[PDB]
>>> print(open('my_file25.cif').read())   # mmCIF, C-alpha atoms
data_run
loop_
_atom_site.label_atom_id
_atom_site.label_comp_id
_atom_site.auth_asym_id
_atom_site.auth_seq_id
_atom_site.Cartn_x
_atom_site.Cartn_y
_atom_site.Cartn_z
CA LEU A 234 -2.19 28.37 15.28
CA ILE A 235 0.75 30.51 16.37
CA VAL A 236 2.90 31.52 13.41
CA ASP A 237 5.77 33.24 15.24
CA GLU A 238 7.89 31.12 17.55
CA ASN A 239 8.63 34.07 19.85
CA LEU A 240 4.97 34.40 20.84
CA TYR A 241 4.70 30.66 21.55
CA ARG A 242 7.92 30.78 23.59
CA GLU A 243 6.59 33.70 25.62
CA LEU A 244 3.28 31.90 26.20
CA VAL A 245 4.92 28.69 27.37
CA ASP A 246 7.38 30.56 29.61
CA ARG A 247 4.67 32.74 31.18
CA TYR A 248 1.49 30.62 30.96
CA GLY A 249 2.59 27.04 30.39
CA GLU A 250 -0.04 25.49 32.65
CA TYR A 251 -3.33 24.79 30.88
CA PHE A 252 -2.52 24.37 27.18
CA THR A 253 -0.09 21.82 25.75
CA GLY A 254 1.08 22.46 22.21
CA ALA A 255 3.52 20.63 19.95
CA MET A 256 4.26 20.81 16.23
CA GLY A 257 4.32 17.37 14.55
CA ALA A 258 2.25 14.19 14.06
CA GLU A 259 1.66 12.65 17.58
CA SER A 260 -0.36 15.81 18.42
CA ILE A 261 -2.95 14.77 15.83
CA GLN A 262 -3.10 11.25 17.27
CA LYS A 263 -3.76 12.58 20.77
CA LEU A 264 -6.34 15.06 19.50
CA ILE A 265 -8.28 12.45 17.52
CA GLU A 266 -8.17 9.77 20.22
CA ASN A 267 -9.33 12.30 22.81
CA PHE A 268 -11.96 13.45 20.31
CA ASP A 269 -15.39 11.80 20.15
CA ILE A 270 -17.49 10.98 17.09
CA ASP A 271 -21.08 10.53 18.30
CA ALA A 272 -21.44 14.01 19.81
CA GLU A 273 -20.17 15.70 16.65
CA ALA A 274 -22.51 13.50 14.60
CA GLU A 275 -25.49 14.61 16.70
CA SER A 276 -24.48 18.27 16.43
CA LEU A 277 -24.13 18.01 12.65
CA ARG A 278 -27.50 16.24 12.39
CA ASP A 279 -29.10 19.05 14.40
CA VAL A 280 -27.48 21.62 12.10
CA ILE A 281 -28.79 19.74 9.06
CA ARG A 282 -32.27 19.81 10.59
CA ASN A 283 -32.04 23.59 10.15
CA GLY A 284 -31.53 25.45 6.86
CA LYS A 285 -28.78 27.83 5.72
CA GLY A 286 -27.70 25.89 2.64
CA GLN A 287 -24.29 27.56 2.55
CA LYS A 288 -23.07 25.97 5.78
CA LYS A 289 -25.60 23.14 5.41
CA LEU A 290 -23.68 21.55 2.54
CA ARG A 291 -20.45 21.52 4.56
CA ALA A 292 -22.40 20.06 7.48
CA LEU A 293 -23.77 17.37 5.16
CA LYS A 294 -20.32 16.38 3.90
CA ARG A 295 -18.77 16.32 7.37
CA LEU A 296 -21.72 14.34 8.74
CA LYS A 297 -21.31 11.87 5.88
CA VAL A 298 -17.66 11.32 6.79
CA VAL A 299 -18.34 11.06 10.53
CA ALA A 300 -21.26 8.68 10.01
CA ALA A 301 -19.06 6.52 7.79
CA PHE A 302 -16.51 6.43 10.61
CA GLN A 303 -19.19 5.54 13.17
CA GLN A 304 -20.74 2.80 11.03
CA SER A 305 -17.35 1.29 10.15
CA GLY A 306 -16.97 0.15 13.76
CA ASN A 307 -13.31 1.20 13.59
CA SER A 308 -11.43 4.16 15.06
CA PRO A 309 -9.69 7.10 13.34
CA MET A 310 -6.38 6.20 15.02
CA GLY A 311 -5.53 4.14 11.93
CA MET A 312 -4.53 7.36 10.14
CA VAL A 313 -1.31 7.71 12.19
CA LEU A 314 1.18 4.89 11.63
CA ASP A 315 3.88 3.57 13.93
CA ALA A 316 5.10 0.42 12.12
CA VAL A 317 5.24 0.38 8.31
CA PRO A 318 5.51 -3.04 6.61
CA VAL A 319 7.79 -4.17 3.79
CA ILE A 320 6.75 -6.35 0.84
CA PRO A 321 8.42 -9.75 0.27
CA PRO A 322 11.76 -9.85 -1.57
CA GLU A 323 10.69 -11.40 -4.87
CA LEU A 324 8.03 -8.70 -5.28
CA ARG A 325 11.01 -6.30 -5.27
CA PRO A 326 13.43 -8.50 -7.20
CA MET A 327 17.17 -8.06 -6.71
CA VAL A 328 18.86 -8.31 -10.11
CA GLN A 329 22.59 -9.04 -10.29
CA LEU A 330 23.88 -8.04 -13.72
CA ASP A 331 27.29 -8.98 -15.11
CA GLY A 332 28.64 -6.33 -12.73
CA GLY A 333 26.20 -7.17 -9.94
CA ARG A 334 24.56 -3.73 -10.03
CA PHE A 335 20.98 -3.47 -8.79
CA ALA A 336 18.67 -2.19 -11.53
CA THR A 337 15.06 -3.17 -10.69
CA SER A 338 12.44 -0.97 -9.01
CA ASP A 339 13.99 1.38 -6.44
CA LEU A 340 11.69 0.12 -3.64
CA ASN A 341 14.96 -1.10 -2.12
CA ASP A 342 16.40 2.42 -2.27
CA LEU A 343 13.27 3.90 -0.68
CA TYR A 344 13.41 1.35 2.13
CA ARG A 345 17.11 2.15 2.56
CA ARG A 346 16.31 5.84 2.94
CA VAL A 347 13.52 5.19 5.44
CA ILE A 348 15.58 2.78 7.55
CA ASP B 1151 -33.05 -3.77 -31.77
CA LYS B 1152 -32.91 -5.63 -28.45
CA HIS B 1153 -29.11 -5.59 -28.63
CA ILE B 1154 -29.45 -1.79 -28.44
CA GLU B 1155 -32.26 -1.78 -25.89
CA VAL B 1156 -30.09 -3.78 -23.49
CA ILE B 1157 -27.55 -0.94 -23.66
CA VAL B 1158 -29.88 2.06 -23.53
CA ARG B 1159 -31.61 0.51 -20.51
CA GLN B 1160 -28.35 0.69 -18.56
CA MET B 1161 -27.41 4.09 -20.00
CA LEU B 1162 -30.53 5.94 -18.76
CA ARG B 1163 -30.98 4.53 -15.26
CA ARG B 1164 -29.92 7.47 -13.07
CA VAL B 1165 -31.99 9.99 -11.12
CA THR B 1166 -30.33 13.34 -10.42
CA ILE B 1167 -31.59 15.04 -7.26
CA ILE B 1168 -31.92 18.80 -6.80
CA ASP B 1169 -32.53 18.88 -3.02
CA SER B 1170 -31.74 16.38 -0.27
CA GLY B 1171 -34.15 17.75 2.34
CA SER B 1172 -34.68 14.79 4.66
CA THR B 1173 -32.04 12.67 2.88
CA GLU B 1174 -28.37 12.21 3.70
CA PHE B 1175 -26.95 12.20 0.17
CA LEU B 1176 -25.57 15.44 -1.23
CA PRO B 1177 -27.99 17.31 -3.52
CA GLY B 1178 -27.05 17.00 -7.17
CA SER B 1179 -25.62 13.48 -6.77
CA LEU B 1180 -26.59 10.64 -9.08
CA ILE B 1181 -28.68 7.89 -7.48
CA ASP B 1182 -30.16 4.91 -9.29
CA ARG B 1183 -33.94 4.89 -9.56
CA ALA B 1184 -34.50 1.79 -7.41
CA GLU B 1185 -32.54 2.94 -4.35
CA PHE B 1186 -33.84 6.51 -4.60
CA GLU B 1187 -37.42 5.21 -4.71
CA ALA B 1188 -36.76 2.88 -1.78
CA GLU B 1189 -35.35 5.66 0.39
CA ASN B 1190 -38.15 8.03 -0.67
CA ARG B 1191 -40.87 5.55 0.28
CA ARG B 1192 -39.09 4.76 3.55
CA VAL B 1193 -38.85 8.43 4.53
CA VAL B 1194 -42.44 9.17 3.48
CA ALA B 1195 -43.83 6.14 5.32
CA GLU B 1196 -42.29 7.49 8.54
CA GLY B 1197 -43.59 11.01 7.85
CA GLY B 1198 -40.36 12.48 6.49
CA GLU B 1199 -40.74 14.72 3.48
CA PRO B 1200 -39.84 13.17 0.10
CA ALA B 1201 -36.74 14.00 -1.91
CA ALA B 1202 -37.26 15.82 -5.21
CA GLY B 1203 -35.38 14.02 -7.97
CA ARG B 1204 -35.72 13.61 -11.71
CA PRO B 1205 -34.45 10.99 -14.18
CA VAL B 1206 -31.46 11.81 -16.36
CA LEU B 1207 -29.10 10.01 -18.73
CA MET B 1208 -25.36 10.19 -19.30
CA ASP C 119 -12.46 20.38 10.62
CA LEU C 120 -8.99 21.84 9.98
CA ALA C 121 -8.06 23.54 6.67
CA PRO C 122 -5.42 21.83 4.51
CA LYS C 123 -3.03 24.71 5.20
CA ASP C 124 -3.15 24.20 8.96
CA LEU C 125 -3.04 20.41 8.73
CA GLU C 126 -0.02 20.33 6.41
CA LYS C 127 1.73 22.98 8.51
CA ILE C 128 1.21 20.87 11.64
CA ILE C 129 2.57 17.84 9.72
CA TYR C 130 5.33 19.68 7.72
CA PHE C 131 6.74 21.80 10.64
CA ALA C 132 6.16 25.60 10.47
CA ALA C 133 3.73 26.64 13.24
CA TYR C 134 2.81 25.31 16.67
CA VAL C 135 -0.70 24.20 17.65
CA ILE C 136 -2.63 24.06 20.92
CA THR C 137 -3.96 20.51 21.14
CA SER C 138 -6.11 20.50 24.30
CA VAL C 139 -7.14 23.08 26.89
CA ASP C 140 -8.77 22.66 30.31
CA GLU C 141 -10.75 25.86 29.92
CA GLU C 142 -12.68 25.36 33.17
CA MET C 143 -9.76 25.64 35.59
CA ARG C 144 -8.69 28.85 33.84
CA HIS C 145 -12.27 30.13 34.05
CA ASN C 146 -12.37 29.29 37.77
CA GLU C 147 -9.62 31.91 38.18
CA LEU C 148 -10.21 34.00 35.08
CA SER C 149 -10.93 36.94 37.39
CA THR C 150 -7.77 36.22 39.38
CA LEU C 151 -5.80 35.92 36.15
CA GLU C 152 -7.24 39.30 35.14
CA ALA C 153 -6.21 40.74 38.51
CA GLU C 154 -2.63 39.51 38.19
CA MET C 155 -2.61 40.79 34.61
CA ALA C 156 -3.68 44.20 35.89
CA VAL C 157 -1.08 44.30 38.65
CA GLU C 158 1.79 43.17 36.40
CA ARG C 159 0.75 45.79 33.85
CA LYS C 160 0.77 48.16 36.83
CA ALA C 161 4.35 47.12 37.61
CA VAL C 162 5.51 47.71 34.04
CA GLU C 163 3.62 51.01 34.11
CA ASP C 164 5.40 51.93 37.34
CA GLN C 165 8.84 51.28 35.90
CA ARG C 166 7.79 53.16 32.75
CA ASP C 167 6.69 56.12 34.87
CA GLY C 168 9.95 56.05 36.81
CA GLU C 169 11.99 56.08 33.61
CA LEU C 170 9.86 58.81 32.03
CA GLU C 171 10.01 61.04 35.11
CA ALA C 172 13.76 60.53 35.47
CA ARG C 173 14.46 61.33 31.82
CA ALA C 174 12.10 64.31 31.73
CA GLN C 175 13.76 65.68 34.87
CA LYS C 176 17.18 65.13 33.28
CA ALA D 1082 -17.51 -20.90 -16.76
CA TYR D 1083 -15.42 -23.96 -15.87
CA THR D 1084 -13.34 -23.70 -19.05
CA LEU D 1085 -12.50 -20.09 -18.22
CA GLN D 1086 -11.67 -21.11 -14.65
CA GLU D 1087 -9.23 -23.71 -15.94
CA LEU D 1088 -7.63 -21.35 -18.46
CA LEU D 1089 -7.15 -18.69 -15.78
CA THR D 1090 -6.12 -20.83 -12.79
CA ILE D 1091 -5.08 -24.43 -13.46
CA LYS D 1092 -2.96 -23.98 -16.61
CA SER D 1093 -1.27 -20.61 -16.03
CA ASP D 1094 -0.56 -19.80 -12.36
CA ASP D 1095 -1.44 -22.40 -9.72
CA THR D 1096 1.76 -24.39 -9.11
CA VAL D 1097 0.29 -27.13 -6.93
CA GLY D 1098 -2.68 -27.13 -9.29
CA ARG D 1099 -0.43 -27.83 -12.27
CA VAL D 1100 1.47 -30.59 -10.46
CA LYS D 1101 -1.69 -32.28 -9.18
CA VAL D 1102 -3.47 -32.13 -12.54
CA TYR D 1103 -0.42 -33.54 -14.32
CA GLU D 1104 -0.19 -36.40 -11.82
CA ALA D 1105 -3.92 -37.12 -12.08
CA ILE D 1106 -3.74 -37.19 -15.88
CA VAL D 1107 -0.73 -39.51 -15.74
CA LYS D 1108 -2.89 -41.76 -13.57
CA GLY D 1109 -6.60 -42.44 -14.09
CA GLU D 1110 -7.83 -40.08 -11.37
CA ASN D 1111 -10.22 -37.21 -11.97
CA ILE D 1112 -8.74 -33.72 -12.27
CA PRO D 1113 -8.95 -31.99 -8.86
CA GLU D 1114 -10.65 -28.62 -8.73
CA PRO D 1115 -8.28 -25.66 -9.23
CA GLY D 1116 -6.97 -23.60 -6.34
CA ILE D 1117 -6.13 -19.95 -5.65
CA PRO D 1118 -4.19 -18.31 -8.52
CA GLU D 1119 -0.80 -16.84 -7.72
CA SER D 1120 -1.95 -13.49 -9.10
CA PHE D 1121 -4.65 -13.06 -6.44
CA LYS D 1122 -2.36 -14.07 -3.57
CA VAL D 1123 0.31 -11.68 -4.85
CA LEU D 1124 -2.32 -8.95 -5.07
CA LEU D 1125 -3.27 -9.58 -1.45
CA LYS D 1126 0.28 -9.75 -0.07
CA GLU D 1127 0.97 -6.50 -1.95
CA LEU D 1128 -2.15 -4.57 -0.92
CA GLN D 1129 -1.65 -5.57 2.73
CA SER D 1130 1.61 -3.57 2.58
CA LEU D 1131 -0.24 -0.23 2.23
CA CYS D 1132 -1.84 -0.61 5.70
CA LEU D 1133 -5.15 -1.60 4.03
CA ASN D 1134 -6.10 -4.68 6.04
CA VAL D 1135 -7.70 -6.80 3.31
CA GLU D 1136 -9.69 -9.55 5.00
CA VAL D 1137 -11.33 -12.52 3.29
CA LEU D 1138 -14.63 -13.09 5.15
CA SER D 1139 -14.95 -16.76 4.24
CA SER D 1140 -18.24 -16.70 6.17
#
>>> encode(input="my_file25.cif", output="structure tokens")
Amino acid sequence: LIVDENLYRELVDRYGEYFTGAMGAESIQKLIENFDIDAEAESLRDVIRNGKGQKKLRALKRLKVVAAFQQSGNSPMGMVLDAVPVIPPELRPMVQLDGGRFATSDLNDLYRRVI
Amino acid sequence: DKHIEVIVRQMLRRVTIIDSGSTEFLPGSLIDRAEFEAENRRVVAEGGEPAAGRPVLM
Amino acid sequence: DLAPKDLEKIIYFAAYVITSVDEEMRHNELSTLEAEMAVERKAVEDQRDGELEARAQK
Amino acid sequence: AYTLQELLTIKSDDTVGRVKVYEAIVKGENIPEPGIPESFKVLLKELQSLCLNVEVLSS
């Protein structure tokens, strides 16, 4: 991390060659897709083979998550969305009162904000 | 009595585990007796050390 | 393996992050990078010495 | 089991189920087996909206 923007600006102006850094979601997508699961799983298994309970429990939990990912046959890229769906209309009924005002669940308002 | 036995049989059918050792599951996590025994016999049959667990109710 | 603070900062906009780094090509000229670091520090030192000498003489 | 299946599917939710059973009763035909309740299909088409791809695995 780089808390102060001045330091990051100086780094990019002076040494903007090797490291690429952006603040916001796509960065995570690129990092995870470039990242690999099997190697980390093997490293965590090797760590578990040793002792040191303190870090061993964290290794166990992380290995559990990574092994779940590996066994699922899927990829982590599903955690960054690019096209959200919308439920059918009747599931978000439009009610027209005597004055025509909408009064049912605000799902419509939330979709309005997002769009 | 059997109406009560059928309940207490389900109630006390968990095996808390103190150490995982050669097992993936987190120590101190409830595992039913059957699956814990199956994994223990599998790991022992291949030479892996057994997991130390004890029965407990809830 | 990123703390919730860092992850939510990266998602909620407050601090940059270095995603990837080709460490090898920097290592291949880490000594040359050190040399240019030394000579640019020498340049700033030279201007500093000029200013200090001028002001002390004044 | 079958009575519960009827009470939950063929007399409360399934539209085509209701129509077909009424027609069969009006005639002499046997009651066709119930179908998929509207509640379950609504549950699917609602859970699929949270990016959770809910498959069926008929196999």
>>> atom_distance(input="my_file25.cif", atom1="atom CA of residue 1088 of chain D", atom2="atom CA of residue 1121 of chain D")
14.9 Å
>>> resolve_selection(input="my_file25.cif", expression="the PyMOL selection byres ((chain A and resi 295) around 12)", output="short mmCIF file (atom, residue, chain, number, x, y, z; two decimals) with C-alpha atoms, keeping the file's coordinate frame")
data_model
loop_
_atom_site.label_atom_id
_atom_site.label_comp_id
_atom_site.auth_asym_id
_atom_site.auth_seq_id
_atom_site.Cartn_x
_atom_site.Cartn_y
_atom_site.Cartn_z
CA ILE A 270 -17.49 10.98 17.09
CA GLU A 273 -20.17 15.70 16.65
CA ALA A 274 -22.51 13.50 14.60
CA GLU A 275 -25.49 14.61 16.70
CA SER A 276 -24.48 18.27 16.43
CA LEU A 277 -24.13 18.01 12.65
CA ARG A 278 -27.50 16.24 12.39
CA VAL A 280 -27.48 21.62 12.10
CA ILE A 281 -28.79 19.74 9.06
CA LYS A 288 -23.07 25.97 5.78
CA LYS A 289 -25.60 23.14 5.41
CA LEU A 290 -23.68 21.55 2.54
CA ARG A 291 -20.45 21.52 4.56
CA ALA A 292 -22.40 20.06 7.48
CA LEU A 293 -23.77 17.37 5.16
CA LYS A 294 -20.32 16.38 3.90
CA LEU A 296 -21.72 14.34 8.74
CA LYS A 297 -21.31 11.87 5.88
CA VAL A 298 -17.66 11.32 6.79
CA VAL A 299 -18.34 11.06 10.53
CA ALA A 300 -21.26 8.68 10.01
CA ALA A 301 -19.06 6.52 7.79
CA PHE A 302 -16.51 6.43 10.61
CA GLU B 1174 -28.37 12.21 3.70
CA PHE B 1175 -26.95 12.20 0.17
CA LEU B 1176 -25.57 15.44 -1.23
CA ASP C 119 -12.46 20.38 10.62
CA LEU C 120 -8.99 21.84 9.98
#
>>> atom_distance(input="my_file25.cif", atom1="atom CA of residue 317 of chain A", atom2="atom CA of residue 341 of chain A")
14.3 Å
>>> closest_residue(input="my_file25.cif", among="D:1100, D:1133, D:1085, D:1128", to="residue 1113 of chain D", atoms="all atoms listed in the file")
D:1100
>>> atom_distance(input="my_file25.cif", atom1="atom CA of residue 338 of chain A", atom2="atom CA of residue 1125 of chain D")
19.4 Å
>>> resolve_selection(input="my_file25.cif", expression="the PyMOL selection byres ((chain A) within 7 of (chain C))", output="list in words")
residues 234, 235, 236, 251, 252, 253, 254, 255, 256, 257, 258, 260 and 264 of chain A
>>> resolve_selection(input="my_file25.cif", expression="the PyMOL selection byres ((chain A and resi 325) around 10)", output="PDB file with C-alpha atoms, in the frame of the given file")
ATOM      1  CA  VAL A 319       7.790  -4.170   3.790  1.00  0.00           C
ATOM      2  CA  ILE A 320       6.750  -6.350   0.840  1.00  0.00           C
ATOM      3  CA  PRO A 321       8.420  -9.750   0.270  1.00  0.00           C
ATOM      4  CA  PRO A 322      11.760  -9.850  -1.570  1.00  0.00           C
ATOM      5  CA  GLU A 323      10.690 -11.400  -4.870  1.00  0.00           C
ATOM      6  CA  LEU A 324       8.030  -8.700  -5.280  1.00  0.00           C
ATOM      7  CA  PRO A 326      13.430  -8.500  -7.200  1.00  0.00           C
ATOM      8  CA  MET A 327      17.170  -8.060  -6.710  1.00  0.00           C
ATOM      9  CA  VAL A 328      18.860  -8.310 -10.110  1.00  0.00           C
ATOM     10  CA  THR A 337      15.060  -3.170 -10.690  1.00  0.00           C
ATOM     11  CA  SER A 338      12.440  -0.970  -9.010  1.00  0.00           C
ATOM     12  CA  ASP A 339      13.990   1.380  -6.440  1.00  0.00           C
ATOM     13  CA  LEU A 340      11.690   0.120  -3.640  1.00  0.00           C
ATOM     14  CA  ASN A 341      14.960  -1.100  -2.120  1.00  0.00           C
TER      15      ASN A 341
END
>>> residues_around(input="my_file25.cif", residues="residue 1201 of chain B", least_positions_apart="5", cutoff="7 Å", atoms="only C-alpha atoms", output="ChimeraX atom specification")
/B:1169-1173,1190
>>> write_last_selection(input="my_file25.cif", atoms="C-alpha atoms", output="mmCIF file, in the frame of the given file")
data_model
loop_
_atom_site.group_PDB
_atom_site.id
_atom_site.type_symbol
_atom_site.label_atom_id
_atom_site.label_comp_id
_atom_site.auth_asym_id
_atom_site.auth_seq_id
_atom_site.Cartn_x
_atom_site.Cartn_y
_atom_site.Cartn_z
ATOM 1 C CA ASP B 1169 -32.530 18.880 -3.020
ATOM 2 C CA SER B 1170 -31.740 16.380 -0.270
ATOM 3 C CA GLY B 1171 -34.150 17.750 2.340
ATOM 4 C CA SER B 1172 -34.680 14.790 4.660
ATOM 5 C CA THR B 1173 -32.040 12.670 2.880
ATOM 6 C CA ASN B 1190 -38.150 8.030 -0.670
#
>>> interface_residues(input="my_file25.cif", of="chain D", to="chain A", cutoff="12 Å", atoms="all atoms listed in the file", output="list in words")
residues 1120, 1122, 1123, 1124, 1125, 1126, 1127, 1128, 1129, 1130, 1131, 1132, 1133 and 1134 of chain D
>>> closest_residue(input="my_file25.cif", among="D:1110, D:1117, D:1105, D:1137", to="residue 1087 of chain D", atoms="all atoms listed in the file")
D:1117
>>> residues_around(input="my_file25.cif", residues="segment 1162-1166 of chain B", least_positions_apart="6", cutoff="12 Å", atoms="only C-alpha atoms", output="PyMOL selection string")
chain B and resi 1155-1156+1175-1187+1201-1208
>>> build_atoms(input="my_file25.cif", residues="segment 1108-1135 of chain D", atoms="N, CA and C atoms", output="PDB file, in the coordinates of the input")
ATOM      1  N   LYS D1108      -2.075 -40.671 -14.077  1.00  0.00           N
ATOM      2  CA  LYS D1108      -2.890 -41.760 -13.570  1.00  0.00           C
ATOM      3  C   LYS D1108      -4.299 -41.645 -14.150  1.00  0.00           C
ATOM      4  N   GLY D1109      -5.222 -42.464 -13.657  1.00  0.00           N
ATOM      5  CA  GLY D1109      -6.600 -42.440 -14.090  1.00  0.00           C
ATOM      6  C   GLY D1109      -7.527 -41.599 -13.237  1.00  0.00           C
ATOM      7  N   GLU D1110      -6.991 -40.821 -12.303  1.00  0.00           N
ATOM      8  CA  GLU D1110      -7.830 -40.080 -11.370  1.00  0.00           C
ATOM      9  C   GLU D1110      -8.437 -38.850 -12.034  1.00  0.00           C
ATOM     10  N   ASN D1111      -9.574 -38.416 -11.495  1.00  0.00           N
ATOM     11  CA  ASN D1111     -10.220 -37.210 -11.970  1.00  0.00           C
ATOM     12  C   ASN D1111      -9.396 -35.978 -11.622  1.00  0.00           C
ATOM     13  N   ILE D1112      -9.493 -34.956 -12.466  1.00  0.00           N
ATOM     14  CA  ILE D1112      -8.740 -33.720 -12.270  1.00  0.00           C
ATOM     15  C   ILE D1112      -9.282 -33.012 -11.027  1.00  0.00           C
ATOM     16  N   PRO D1113      -8.456 -32.735 -10.019  1.00  0.00           N
ATOM     17  CA  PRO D1113      -8.950 -31.990  -8.860  1.00  0.00           C
ATOM     18  C   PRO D1113      -9.279 -30.550  -9.208  1.00  0.00           C
ATOM     19  N   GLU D1114     -10.215 -29.982  -8.457  1.00  0.00           N
ATOM     20  CA  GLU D1114     -10.650 -28.620  -8.730  1.00  0.00           C
ATOM     21  C   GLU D1114      -9.474 -27.656  -8.560  1.00  0.00           C
ATOM     22  N   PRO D1115      -9.392 -26.599  -9.369  1.00  0.00           N
ATOM     23  CA  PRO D1115      -8.280 -25.660  -9.230  1.00  0.00           C
ATOM     24  C   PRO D1115      -8.254 -24.993  -7.865  1.00  0.00           C
ATOM     25  N   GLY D1116      -7.156 -24.286  -7.607  1.00  0.00           N
ATOM     26  CA  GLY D1116      -6.970 -23.600  -6.340  1.00  0.00           C
ATOM     27  C   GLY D1116      -6.986 -22.096  -6.480  1.00  0.00           C
ATOM     28  N   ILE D1117      -6.194 -21.412  -5.664  1.00  0.00           N
ATOM     29  CA  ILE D1117      -6.130 -19.950  -5.650  1.00  0.00           C
ATOM     30  C   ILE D1117      -5.003 -19.527  -6.588  1.00  0.00           C
ATOM     31  N   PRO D1118      -5.271 -18.720  -7.615  1.00  0.00           N
ATOM     32  CA  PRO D1118      -4.190 -18.310  -8.520  1.00  0.00           C
ATOM     33  C   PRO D1118      -3.124 -17.511  -7.793  1.00  0.00           C
ATOM     34  N   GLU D1119      -1.894 -17.608  -8.299  1.00  0.00           N
ATOM     35  CA  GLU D1119      -0.800 -16.840  -7.720  1.00  0.00           C
ATOM     36  C   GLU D1119      -1.030 -15.345  -7.848  1.00  0.00           C
ATOM     37  N   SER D1120      -1.723 -14.918  -8.905  1.00  0.00           N
ATOM     38  CA  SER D1120      -1.950 -13.490  -9.100  1.00  0.00           C
ATOM     39  C   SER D1120      -2.754 -12.897  -7.949  1.00  0.00           C
ATOM     40  N   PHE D1121      -3.814 -13.584  -7.520  1.00  0.00           N
ATOM     41  CA  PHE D1121      -4.650 -13.060  -6.440  1.00  0.00           C
ATOM     42  C   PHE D1121      -3.892 -13.016  -5.120  1.00  0.00           C
ATOM     43  N   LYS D1122      -3.126 -14.064  -4.812  1.00  0.00           N
ATOM     44  CA  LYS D1122      -2.360 -14.070  -3.570  1.00  0.00           C
ATOM     45  C   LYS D1122      -1.291 -12.988  -3.577  1.00  0.00           C
ATOM     46  N   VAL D1123      -0.643 -12.778  -4.725  1.00  0.00           N
ATOM     47  CA  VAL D1123       0.310 -11.680  -4.850  1.00  0.00           C
ATOM     48  C   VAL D1123      -0.390 -10.348  -4.640  1.00  0.00           C
ATOM     49  N   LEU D1124      -1.575 -10.190  -5.229  1.00  0.00           N
ATOM     50  CA  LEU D1124      -2.320  -8.950  -5.070  1.00  0.00           C
ATOM     51  C   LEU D1124      -2.625  -8.689  -3.601  1.00  0.00           C
ATOM     52  N   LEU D1125      -3.045  -9.722  -2.877  1.00  0.00           N
ATOM     53  CA  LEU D1125      -3.270  -9.580  -1.450  1.00  0.00           C
ATOM     54  C   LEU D1125      -1.976  -9.153  -0.763  1.00  0.00           C
ATOM     55  N   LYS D1126      -0.969 -10.028  -0.778  1.00  0.00           N
ATOM     56  CA  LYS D1126       0.280  -9.750  -0.070  1.00  0.00           C
ATOM     57  C   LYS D1126       0.930  -8.444  -0.489  1.00  0.00           C
ATOM     58  N   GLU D1127       0.484  -7.827  -1.581  1.00  0.00           N
ATOM     59  CA  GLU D1127       0.970  -6.500  -1.950  1.00  0.00           C
ATOM     60  C   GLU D1127       0.080  -5.393  -1.412  1.00  0.00           C
ATOM     61  N   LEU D1128      -1.237  -5.598  -1.409  1.00  0.00           N
ATOM     62  CA  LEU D1128      -2.150  -4.570  -0.920  1.00  0.00           C
ATOM     63  C   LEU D1128      -2.124  -4.484   0.603  1.00  0.00           C
ATOM     64  N   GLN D1129      -1.816  -5.589   1.281  1.00  0.00           N
ATOM     65  CA  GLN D1129      -1.650  -5.570   2.730  1.00  0.00           C
ATOM     66  C   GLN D1129      -0.456  -4.724   3.161  1.00  0.00           C
ATOM     67  N   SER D1130       0.433  -4.362   2.235  1.00  0.00           N
ATOM     68  CA  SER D1130       1.610  -3.570   2.580  1.00  0.00           C
ATOM     69  C   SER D1130       1.313  -2.078   2.658  1.00  0.00           C
ATOM     70  N   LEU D1131       0.159  -1.630   2.164  1.00  0.00           N
ATOM     71  CA  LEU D1131      -0.240  -0.230   2.230  1.00  0.00           C
ATOM     72  C   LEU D1131      -1.164   0.044   3.412  1.00  0.00           C
ATOM     73  N   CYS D1132      -1.064  -0.755   4.471  1.00  0.00           N
ATOM     74  CA  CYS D1132      -1.840  -0.610   5.700  1.00  0.00           C
ATOM     75  C   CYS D1132      -3.325  -0.861   5.489  1.00  0.00           C
ATOM     76  N   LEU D1133      -3.747  -1.271   4.297  1.00  0.00           N
ATOM     77  CA  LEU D1133      -5.150  -1.600   4.030  1.00  0.00           C
ATOM     78  C   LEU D1133      -5.355  -3.063   4.392  1.00  0.00           C
ATOM     79  N   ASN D1134      -5.872  -3.313   5.590  1.00  0.00           N
ATOM     80  CA  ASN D1134      -6.100  -4.680   6.040  1.00  0.00           C
ATOM     81  C   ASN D1134      -7.190  -5.297   5.173  1.00  0.00           C
ATOM     82  N   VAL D1135      -6.786  -6.159   4.247  1.00  0.00           N
ATOM     83  CA  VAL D1135      -7.700  -6.800   3.310  1.00  0.00           C
ATOM     84  C   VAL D1135      -8.040  -8.169   3.882  1.00  0.00           C
TER      85      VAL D1135
END
